[PDB]
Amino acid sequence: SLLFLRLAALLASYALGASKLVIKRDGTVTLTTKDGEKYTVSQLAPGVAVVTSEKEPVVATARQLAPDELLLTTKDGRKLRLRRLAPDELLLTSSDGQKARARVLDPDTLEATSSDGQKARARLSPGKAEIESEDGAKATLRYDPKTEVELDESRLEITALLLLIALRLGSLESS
């Protein structure tokens, strides 16, 4: 499905430090780091996707462990875990033990909190979401003319908010 692949791509964007993620309507998923390294994300199975670069065929694998739980493992073995706690709340856990909890505050506002107390907020508008912390990191999601995400930095809670937004958009991001 498109939703699994979108979630896998956002998780890989964190694990590989992507600065940009582009998903086209035909399904191509490309991640770019701030210095220009490219990765591709491909669905191999229901609930299985891999991240490929030109030098390394499989740098990370994402697996749907359960209907509410997704796991991404890099080649070197570090793990990034997505746990949907409720239709409006999820938990993101990295292999170093940091966590971020994201939740819907109101129809157009979402908020996330990390382990050390940092907070971020997402503001939704038709065709777009704008994510900002007090820590100054920003991210933008555009799904109006399939989806693009631009990251100023790689924060765990910004990623958790993007994952919650993707989970709530469903098929609204198909084209």
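Just count from 1 along the sequence shown to find any residue number.
Participant: Using the PDB record, quantify the missing residues of the deposited sequence between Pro145 and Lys146 as none, 1 to 3, 4 to 9, or 10 or more.
Facilitator: Per the record, 1 to 3 deposited residues are absent between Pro145 and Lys146.
Participant: Mean C-alpha B factor from the entry: is it higher for 21 to 29 or for 157 to 165?
Facilitator: Higher of the two, by average CA B-factor, is 21 to 29.
Participant: Going by the average Cα B-factor in the PDB entry, point out whether 134 to 142 or 107 to 115 comes out higher.
Facilitator: The entry gives the higher C-alpha B-factor average to 134 to 142.
Participant: Comparing recorded Cα B-factors across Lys128, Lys34, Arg121, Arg63, which one is largest?
Facilitator: Largest recorded C-alpha B-factor: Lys34.
Participant: So where's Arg81 on the chain's Cα temperature factor ranking, which third?
Facilitator: CA B-factor rank for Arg81: lowest third.
Participant: Please place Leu5 in the lowest, middle or highest third of its chain according to the CA B-factor in the PDB entry.
Facilitator: Answer is middle: the recorded C-alpha B-factor places it there.
Participant: Going by what the PDB entry lists, where does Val48 fall on CA B-factor within its chain: lowest, middle or highest third?
Facilitator: For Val48, the deposited C-alpha B-factor lands in the middle third.
Participant: Can you tell me which third, lowest, middle or highest, the CA B-factor of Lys75 falls into for its chain?
Facilitator: Tercile = highest for this residue's CA B-factor.
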